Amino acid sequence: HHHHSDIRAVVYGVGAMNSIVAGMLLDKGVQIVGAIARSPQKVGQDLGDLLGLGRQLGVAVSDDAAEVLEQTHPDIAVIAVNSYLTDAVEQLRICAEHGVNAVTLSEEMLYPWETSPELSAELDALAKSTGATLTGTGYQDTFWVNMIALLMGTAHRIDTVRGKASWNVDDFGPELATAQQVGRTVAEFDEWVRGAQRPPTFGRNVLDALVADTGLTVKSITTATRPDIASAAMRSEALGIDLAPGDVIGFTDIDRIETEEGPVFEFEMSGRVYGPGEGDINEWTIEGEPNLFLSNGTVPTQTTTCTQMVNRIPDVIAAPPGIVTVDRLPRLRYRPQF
């Protein structure tokens, strides 16, 4: 039933991901009571019209997050706006100040304690003072953290945990495409990647979560990034731009954490514009006793980004106040209704 759930939600950002999320919230019976955007064209429009549902929702998109929360006091803010706590702290402060629970796609919020310790401590204290839970989730929740820790649970001895992942820029919106340096020159890329304040890699937060969940001690952290290059003329649907042979179309990171206790963790991740025939991958190997393998074939990264944030909403409402990371939440479960 359309609004069968007690849960009242604000959709914070209305981009590629929250457009999908909004439709899934309605399918679960969640009541959408508010919607926050930045583009002037979008403010004032009905969310239902803006998402191209044949029904109006009776929700007018606002450009004023604090005003929407003060007017609606939702159970949950569902955030798909940015990646790094340096940016995301602005939206997460507004949620926590108003005692509003927040689930966010911010990749750094997956496990932010090590990469952004000051902002993490600040947000955790604020959220605790107002009874609110803040949780970073998305694709990584199952496919790079909880399913990998579960696979590790079948090992007697672990020497190395190795992950390899590929996702398509053109499955996502301009925020991520621009952050992946799509359409930049190699010279622009080299200045950016060497920059003093380059954000932490998505994979660093993944490995911090696995190391912390396993209860191990960091001995050494290393990282490297190279641009992904167009081999021929391509187009980015995410930015609506032509890409010439030699243009940057994304990048590949490799992150590595050695533990004092012996296990080594390594994760290579490419986020780039795909040409025809390319597909996402999720491939993990454990070297030890025994050797283990996990693959998810052409893994639906885009859809499971959105399903995981949605299926987390009851967990995040029910969880203790503060920053609660997905390794500490109960097992993610299939729920037709909320």
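Start at 1 with the first residue shown and count on from there.
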| property | result |
| --- | --- |
| Of 221-229 and 144-152, the stretch whose C-alpha atoms average the higher B-factor in the entry | 221-229 |
| Stretch exceeding the other in mean C-alpha B-factor - 288-296, 58-66 | 58-66 |
| C-alpha B-factor winner, where the candidates are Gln308, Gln302, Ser39, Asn282 | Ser39 |
| Within-chain third of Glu258 by Cα B-factor, per the entry | highest |
| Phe251, C-alpha B-factor rank within chain (lowest, middle or highest third) | lowest |
| Within-chain third of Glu175 by Cα B-factor, per the entry | lowest |
| Third assignment of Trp192 from its chain's C-alpha B-factors | highest |
| Record-listed C-alpha B factor of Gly136: chain third | lowest |
